[PDB]
Each structure stands twice: as structure tokens, then as C-alpha cells.
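Next comes query.pdb, with PDB, C-alpha atoms (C1' of nucleotides).
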ATOM      1  CA  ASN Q2303     115.994  44.887  57.091
ATOM      2  CA  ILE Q2304     113.467  47.730  57.404
ATOM      3  CA  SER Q2305     116.131  50.218  56.298
ATOM      4  CA  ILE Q2306     116.804  47.944  53.308
ATOM      5  CA  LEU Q2307     113.077  48.059  52.527
ATOM      6  CA  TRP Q2308     113.008  51.853  52.921
ATOM      7  CA  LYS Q2309     115.905  52.194  50.479
ATOM      8  CA  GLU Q2310     114.047  49.836  48.135
ATOM      9  CA  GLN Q2311     110.923  52.015  48.408
ATOM     10  CA  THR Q2323     104.427  57.705  47.728
ATOM     11  CA  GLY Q2324     108.228  57.826  47.715
ATOM     12  CA  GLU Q2325     108.967  61.223  49.233
ATOM     13  CA  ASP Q2326     105.931  60.922  51.529
ATOM     14  CA  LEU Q2327     107.205  57.611  52.914
ATOM     15  CA  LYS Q2328     110.706  59.104  53.179
ATOM     16  CA  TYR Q2329     109.282  61.962  55.251
ATOM     17  CA  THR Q2330     107.366  59.352  57.274
ATOM     18  CA  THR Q2331     110.630  57.490  57.921
ATOM     19  CA  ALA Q2332     112.404  60.716  58.916
ATOM     20  CA  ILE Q2333     109.486  61.606  61.207
ATOM     21  CA  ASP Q2334     109.731  58.107  62.694
ATOM     22  CA  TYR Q2335     113.456  58.624  63.317
ATOM     23  CA  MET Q2336     112.734  61.960  65.012
ATOM     24  CA  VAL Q2337     110.014  60.260  67.083
ATOM     25  CA  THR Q2338     112.545  57.579  68.028
ATOM     26  CA  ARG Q2339     115.262  60.028  69.071
ATOM     27  CA  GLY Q2342     116.589  53.497  75.849
ATOM     28  CA  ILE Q2343     120.008  52.523  74.534
ATOM     29  CA  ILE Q2344     118.408  50.216  71.960
ATOM     30  CA  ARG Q2345     116.135  52.990  70.674
ATOM     31  CA  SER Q2346     119.080  55.415  70.583
ATOM     32  CA  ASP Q2347     121.120  52.866  68.617
ATOM     33  CA  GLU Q2348     118.110  52.471  66.311
ATOM     34  CA  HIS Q2349     118.073  56.255  65.824
ATOM     35  CA  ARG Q2350     121.788  56.294  64.981
ATOM     36  CA  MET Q2351     121.235  53.345  62.624
ATOM     37  CA  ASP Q2352     118.339  55.118  60.894
ATOM     38  CA  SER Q2353     120.451  58.263  60.512
ATOM     39  CA  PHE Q2354     123.267  56.131  59.081
ATOM     40  CA  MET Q2355     120.770  54.548  56.674
ATOM     41  CA  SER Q2356     119.580  58.015  55.643
ATOM     42  CA  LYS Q2357     123.172  59.214  55.164
ATOM     43  CA  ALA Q2365     120.708  63.935  47.439
ATOM     44  CA  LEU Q2366     122.698  64.415  50.642
ATOM     45  CA  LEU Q2367     120.501  66.987  52.431
ATOM     46  CA  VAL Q2368     117.465  67.751  50.219
ATOM     47  CA  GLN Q2369     115.791  64.649  51.652
ATOM     48  CA  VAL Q2370     117.639  64.948  54.987
ATOM     49  CA  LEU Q2371     116.275  68.399  55.883
ATOM     50  CA  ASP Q2372     113.469  66.868  57.994
ATOM     51  CA  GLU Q2373     115.769  64.176  59.450
ATOM     52  CA  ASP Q2374     118.315  66.198  61.466
ATOM     53  CA  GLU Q2375     115.685  67.672  63.804
ATOM     54  CA  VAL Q2376     116.843  65.391  66.634
ATOM     55  CA  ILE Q2377     120.317  64.150  65.625
ATOM     56  CA  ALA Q2378     121.715  67.664  66.042
ATOM     57  CA  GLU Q2379     119.843  68.062  69.340
ATOM     58  CA  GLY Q2380     122.078  65.365  70.833
ATOM     59  CA  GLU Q2381     125.224  67.035  69.478
ATOM     60  CA  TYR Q2390     126.276  57.606  81.339
ATOM     61  CA  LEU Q2391     128.260  55.310  79.072
ATOM     62  CA  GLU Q2392     125.156  55.263  76.877
ATOM     63  CA  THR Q2393     125.486  59.061  76.840
ATOM     64  CA  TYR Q2394     129.137  58.735  75.788
ATOM     65  CA  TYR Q2395     128.058  56.351  73.020
ATOM     66  CA  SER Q2396     125.339  58.843  72.053
ATOM     67  CA  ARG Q2397     128.014  61.552  71.889
ATOM     68  CA  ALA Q2398     130.061  59.275  69.627
ATOM     69  CA  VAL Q2399     126.871  58.807  67.592
ATOM     70  CA  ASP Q2400     126.466  62.589  67.369
ATOM     71  CA  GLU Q2401     130.070  62.903  66.180
ATOM     72  CA  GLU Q2402     129.335  60.179  63.610
ATOM     73  CA  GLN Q2403     126.240  62.052  62.414
ATOM     74  CA  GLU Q2404     128.259  65.282  62.231
ATOM     75  CA  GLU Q2405     131.105  63.719  60.234
ATOM     76  CA  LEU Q2406     128.738  61.862  57.889
ATOM     77  CA  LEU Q2417     128.170  69.581  52.470
ATOM     78  CA  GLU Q2418     127.571  73.312  52.066
ATOM     79  CA  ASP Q2419     123.785  72.950  51.743
ATOM     80  CA  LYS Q2420     123.803  70.462  54.624
ATOM     81  CA  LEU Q2421     125.787  72.917  56.772
ATOM     82  CA  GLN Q2422     123.315  75.675  55.884
ATOM     83  CA  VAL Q2423     120.368  73.441  56.836
ATOM     84  CA  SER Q2424     122.209  72.501  60.044
ATOM     85  CA  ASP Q2425     122.742  76.158  60.973
ATOM     86  CA  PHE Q2426     119.080  76.882  60.228
ATOM     87  CA  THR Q2427     118.079  73.886  62.367
ATOM     88  CA  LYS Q2428     120.302  75.152  65.199
ATOM     89  CA  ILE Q2429     118.554  78.526  64.980
ATOM     90  CA  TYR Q2430     115.223  76.672  64.948
ATOM     91  CA  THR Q2431     116.194  74.761  68.093
ATOM     92  CA  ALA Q2432     117.138  78.093  69.679
ATOM     93  CA  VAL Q2433     113.687  79.359  68.651
ATOM     94  CA  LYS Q2434     112.062  76.279  70.199
ATOM     95  CA  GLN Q2435     114.069  76.895  73.378
ATOM     96  CA  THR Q2436     112.770  80.474  73.300
ATOM     97  CA  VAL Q2437     109.195  79.206  72.903
ATOM     98  CA  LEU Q2438     109.555  76.780  75.821
ATOM     99  CA  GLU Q2439     111.126  79.556  77.909
ATOM    100  CA  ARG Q2440     108.236  81.871  77.023
ATOM    101  CA  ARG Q2441     105.739  79.179  78.057
ATOM    102  CA  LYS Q2442     107.616  78.720  81.348
ATOM    103  CA  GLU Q2443     107.868  82.466  82.028
ATOM    104  CA  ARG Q2444     104.152  82.851  81.318
ATOM    105  CA  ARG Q2445     103.431  79.929  83.650
ATOM    106  CA  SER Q2446     105.518  81.521  86.419
ATOM    107  CA  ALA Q2460     107.449  73.562  90.905
ATOM    108  CA  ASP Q2461     109.620  76.035  92.804
ATOM    109  CA  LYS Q2462     111.097  73.537  95.257
ATOM    110  CA  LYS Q2463     110.526  70.763  92.698
ATOM    111  CA  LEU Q2464     112.997  72.540  90.390
ATOM    112  CA  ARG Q2465     115.705  71.644  92.928
ATOM    113  CA  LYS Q2466     114.142  68.474  94.394
ATOM    114  CA  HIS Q2467     115.494  66.467  91.443
ATOM    115  CA  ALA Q2468     119.074  67.533  92.186
ATOM    116  CA  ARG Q2469     118.630  67.203  95.959
ATOM    117  CA  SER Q2470     117.302  63.654  95.437
ATOM    118  CA  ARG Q2471     119.974  62.747  92.878
ATOM    119  CA  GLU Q2472     122.807  63.912  95.150
TER     120      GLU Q2472
ATOM    121  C1'   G Y   1     127.709  60.721 100.633
ATOM    122  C1'   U Y   2     119.647  74.115 103.367
ATOM    123  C1'   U Y   3     118.274  79.189  97.637
ATOM    124  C1'   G Y   4     118.407  81.068  92.679
ATOM    125  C1'   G Y   5     119.331  80.517  87.446
ATOM    126  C1'   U Y   6     120.454  77.024  82.242
ATOM    127  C1'   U Y   7     118.539  73.554  78.154
ATOM    128  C1'   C Y   8     115.444  68.895  76.455
ATOM    129  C1'   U Y   9     110.524  66.790  75.867
ATOM    130  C1'   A Y  10     106.213  64.471  72.960
ATOM    131  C1'   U Y  11     101.206  63.387  73.152
ATOM    132  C1'   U Y  12     100.237  71.510  80.771
ATOM    133  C1'   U Y  13     101.566  66.625  81.594
ATOM    134  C1'   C Y  14     107.050  65.673  82.312
ATOM    135  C1'   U Y  15     111.929  66.303  82.042
ATOM    136  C1'   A Y  16     118.643  66.784  81.927
ATOM    137  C1'   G Y  17     123.204  69.062  83.587
ATOM    138  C1'   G Y  18     126.521  73.995  87.483
ATOM    139  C1'   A Y  19     127.337  77.312  91.572
ATOM    140  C1'   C Y  20     125.816  78.814  96.379
ATOM    141  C1'   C Y  21     122.666  79.239 100.817
ATOM    142  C1'   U Y  22     129.931  66.822 110.375
ATOM    143  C1'   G Y  23     134.758  60.268 111.837
ATOM    144  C1'   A Y  24     135.963  54.358 112.560
ATOM    145  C1'   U Y  25     139.088  47.495 118.020
ATOM    146  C1'   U Y  26     136.733  43.870 122.340
ATOM    147  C1'   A Y  27     133.161  45.215 126.074
ATOM    148  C1'   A Y  28     137.107  41.417 131.569
ATOM    149  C1'   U Y  29     133.429  36.825 137.060
ATOM    150  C1'   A Y  30     138.430  45.492 135.901
ATOM    151  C1'   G Y  31     135.429  50.026 136.660
ATOM    152  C1'   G Y  32     132.144  54.001 137.526
ATOM    153  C1'   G Y  33     126.813  55.453 135.482
ATOM    154  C1'   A Y  34     121.463  54.735 134.279
ATOM    155  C1'   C Y  35     117.034  51.820 135.116
ATOM    156  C1'   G Y  36     113.367  47.807 137.953
ATOM    157  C1'   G Y  37     111.406  45.403 142.212
ATOM    158  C1'   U Y  38     113.252  45.785 146.569
ATOM    159  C1'   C Y  39     115.994  45.578 151.512
ATOM    160  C1'   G Y  40     117.936  47.393 156.231
ATOM    161  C1'   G Y  41     117.813  48.937 164.868
ATOM    162  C1'   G Y  42     121.751  53.108 158.028
ATOM    163  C1'   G Y  43     120.981  58.847 158.533
ATOM    164  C1'   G Y  44     118.227  64.000 159.145
ATOM    165  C1'   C Y  45     113.666  66.531 160.115
ATOM    166  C1'   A Y  46     108.588  66.577 161.598
ATOM    167  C1'   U Y  47     104.842  63.603 164.071
ATOM    168  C1'   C Y  48     102.486  59.517 167.092
ATOM    169  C1'   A Y  49     102.400  55.931 171.068
ATOM    170  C1'   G Y  50     103.666  53.394 175.773
ATOM    171  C1'   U Y  51     103.865  52.371 180.798
ATOM    172  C1'   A Y  52     107.339  53.403 184.218
ATOM    173  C1'   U Y  53     110.039  57.541 187.084
ATOM    174  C1'   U Y  54     109.604  62.438 189.366
ATOM    175  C1'   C Y  55     106.258  66.235 190.845
ATOM    176  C1'   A Y  56     101.425  68.299 191.827
ATOM    177  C1'   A Y  57      96.144  67.923 192.972
ATOM    178  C1'   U Y  58      91.759  65.158 194.781
ATOM    179  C1'   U Y  59      90.664  61.442 198.127
ATOM    180  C1'   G Y  60      90.670  56.845 201.502
ATOM    181  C1'   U Y  61      92.732  54.187 206.152
ATOM    182  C1'   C Y  62      95.956  54.383 210.525
TER     183        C Y  62
END
Transcribe the structure of this file into C-alpha cells.
Amino acid sequence: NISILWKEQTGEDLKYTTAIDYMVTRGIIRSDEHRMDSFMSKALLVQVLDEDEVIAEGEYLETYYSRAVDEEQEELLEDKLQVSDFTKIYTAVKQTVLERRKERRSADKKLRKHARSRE
RNA sequence: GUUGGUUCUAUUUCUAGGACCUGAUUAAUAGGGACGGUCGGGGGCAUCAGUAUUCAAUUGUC
């Protein structure tokens, strides 16, 4: 119903607010809500530039369903593929920024305590 | 059922996946073993005691 109201709807500002809310969303219920909001969002990419910031990041039966959701978001385009490649480079840049923060900070045994406590 | 490295996280918190750095019935009014308080002219060594016996000394009496 809220996606129906968002399609019925500061138009571009509220659309960016909805895309920011979907990125803040993206446990199984919230992940299904994120896939539903991405399906309600999918111009084809000129409004969806600021909406694939997390749906491509996800591209454990809930994890298998999330992988099916990522395949659904990838199937459902030249400008969209260009924005997706730029967003992949931006996620690589964010990984570089997090790695730079970690390398400047350097949980030595705590970096393996999670795996030693999991198995 | 003991190390190092990868990526994902929003208001440094706090996070997800690799490698690599010891086997399986019951517990007999069968058994041996441990433990507890014991028990016995049981044994070995060391020690203590007894009054006899023998010997010696000192006497006493015939």
C-alpha cells in the first residue's frame, strides 16, 4: 500500500527519500521489504541511480532467497548498466576507504574469535 | 564437532565468508585394584620389663 502511495506521489525529493529509505532498509522480513521496494521502483535508471546502492551490494536459506532477490534485481538498459558499473567502482572505493581506515587503525585475536566460536 | 589475510556496516562502535598453525554392551552374591574405620600370640628390626635359674661378691648362724 505504501508503494502504491509512492507511485501515486516534492516529487523527486520524496522519490530520493524513498530510495534512501530502501537503502537504509537493505531480518528476512526487512530483506523482503527491500526486494519489494526495489520491485516497486523497477525513466528506468535516471530515478534509480540512488536506489541501487545496496541492491547490487547483495549481488542461510534467507541468504539463498536474497541471492534470488539479487538475481531478480539484476534481471529487472545501457544507462542502467553504466550506472551499475559506476556503482560497483564506488563500492570498490568504499571498500578501499574502509580498508584505509582499518590499516590506519592497525581485535587481533578477535578477528579469528568469531570463526573459532562459530566452528 | 592452536596463526595470518578477504569484503559488509550505519549512526570508532560493530560486523560476513577460506586456508593453515583425538572412538562407542551389562557391571555377576566371577575377579583383581583403590579408599575408610579397623582387627589379629601374623611377620622383621630396634627398645623396655619381669621374677626365676646359674655365677660372683658382702654378710649371718652351726
With only C-alpha atoms (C1' of nucleotides) considered, list every residue of chain Y at most 12 Å from chain Q, as a list in words.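 The answer, sorted by residue number, is residues 1, 2, 3, 4, 5, 6, 7, 8, 9, 10, 11, 12, 14, 15, 16, 17 and 18 of chain Y.
With atom CA of residue Q:2354 on one side and atom CA of residue Q:2402 on the other, the separation reads 8.6 Å.
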Please enclose the listed atoms of stretch 2445-2468 of chain Q in an axis-aligned box, pad each side by 5 Å, and write out the centre and the three edge lengths in Å, rounded to one decimal, as AutoDock Vina command-line options.
--center_x 111.3 --center_y 74.0 --center_z 89.5 --size_x 25.6 --size_y 25.1 --size_z 21.6
Go ahead and compute the interatomic distance for atom CA of residue Q:2356 and atom CA of residue Q:2332, in Å to one decimal. 8.3 Å
List, as a list in words, every residue that the PyMOL selection byres ((chain Q and resi 2368) around 12) selects in the file provided.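 Taken over the shown coordinates, the PyMOL selection byres ((chain Q and resi 2368) around 12) returns residues 2325, 2328, 2329, 2356, 2357, 2365, 2366, 2367, 2369, 2370, 2371, 2372, 2373, 2374, 2417, 2418, 2419, 2420, 2421, 2422, 2423 and 2424 of chain Q.
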For a test of reading the model, state the distance in Å between atom CA of residue Q:2347 and atom CA of residue Q:2392, rounded to one decimal.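 For atom CA of residue Q:2347 relative to atom CA of residue Q:2392, the distance reads 9.5 Å.
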